[PDB]
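Below, in structure tokens: the form deposited in one PDB entry, a single chain.
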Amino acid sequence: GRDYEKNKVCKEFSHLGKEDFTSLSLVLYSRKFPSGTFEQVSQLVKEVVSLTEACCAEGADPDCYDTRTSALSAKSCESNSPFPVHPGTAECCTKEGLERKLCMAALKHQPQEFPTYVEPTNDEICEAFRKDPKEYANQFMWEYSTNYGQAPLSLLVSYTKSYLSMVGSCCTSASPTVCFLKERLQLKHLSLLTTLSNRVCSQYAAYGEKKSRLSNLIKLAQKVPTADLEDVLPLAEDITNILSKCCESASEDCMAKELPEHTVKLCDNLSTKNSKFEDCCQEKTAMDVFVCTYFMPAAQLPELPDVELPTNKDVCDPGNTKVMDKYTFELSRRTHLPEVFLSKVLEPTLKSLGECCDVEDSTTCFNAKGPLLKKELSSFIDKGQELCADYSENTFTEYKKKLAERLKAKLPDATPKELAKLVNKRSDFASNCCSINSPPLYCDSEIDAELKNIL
């Protein structure tokens, strides 16, 4: 049948060469399997390349590819398989033939919300490079790609190649320190683009377009609570659109090309709205402006007027979210609660209001759920603020001390030991889910568990 893939591979193999093809494959599979060990991914790459070389060789077999492939898939199905697998793979292996290749081909991976990559010292880099340059390069490509796998493949290929050229030059230099200093500066732009794109796209992948859009509106409102809806909404729309496009594009510079115009609109709109945005807008490059905008913490929210839940039929136009957006914006600008919490409760809430539009009697429905939703919401917010109490306005060590006192009030008979464990568990939760850029997937599950916690 269609040997589309067979040809695409053979052409790459021939065009790039076995070595460069192996490297490309290492990066590709490393971003595909974020939790795959260096050993597993290397093995998979070995067998993939080994079958490509054979199946593409003159006088192999009309169907060498499919045969060798099915063999790989079969191998990833065996217990203690040498290959890395995606969650739910075991399920796919209970099926056969058709379902097999299809089921597994569908399986996708989650983004890495906790990167652990840390560039070693120049001394350490060169020490490992000289001992075994091949191993160094392989381990680096695997580690970098599994950590920043949501950045585009071509970008990861380009940055890792450029990084390894730098290590190659500077570690054979008579003046390593000077060489590294100079080269890192030249790669700085590419370095930031890769981590920046991986992070924003990991969040986008975790939320999906609708929740990402709402997420960006919430964050923007918490950063400039003194601005008007018309100041931030367009910006929230714009970045979401940029994410929808670049995070799903194979182009290595899609993000680098979209941000310049985005940062112009953001600064034209916000540079005079508050001090933090004026500072961010004084950054030298667009990426630097964006990055600054990104790390900006939720500002000390002004206690503006209360905002009533939109229990009106005017929220029934699917092609119109103006009333919902305004509500979101207004609730976010005044509530001291992290976006990870707000995004979580606003989804069910705003939806619950939906199950009241197309019904026998709307006004009666809205007035029926109104108190119910309002009650649930305040409860969620209250508990969320309690869970994150004292975390924002204190150092971590001072936060822990105030936390201990709070816990002592609720647990009069608790021993120092058990109080220590609770302080540890709670401060640990706060350090991960009580800030503006807390990881959505990790916190979603942690928040559910904490919300039912009596402490």
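A residue's number is simply how far along the shown sequence it sits, counting from 1.
This protein has a second form, the form solved in complex with a partner chain, left out of what is shown; the following refers to that one.
Taking the partner from elsewhere, residue 162 is found to have every heavy atom lying beyond 4.5 Å of its partner chain in the deposited bound form. The shortest heavy atom separation between residue 129 and its partner chain in the deposited bound form exceeds 4.5 Å.
Using a 4.5 angstroms threshold between heavy atoms, residue 250 stays clear of its partner chain in the deposited bound form. By the criterion of a heavy atom within 4.5 Å, residue 354 is excluded from the residues contacting its partner chain in the deposited bound form. For the options 392, 37, 50, 67, the one in contact with its partner chain in the deposited bound form, meaning a heavy atom within 4.5 Å, is 392. A single residue from the set 376, 228, 119, 261 has any heavy atom within 4.5 angstroms of its partner chain in the deposited bound form; that residue is 119.
Contact with its partner chain in the deposited bound form, judged as any non-hydrogen atom within 4.5 angstroms, is confined among 272 to 280, 230 to 238, 302 to 310, 321 to 329 to 272 to 280.
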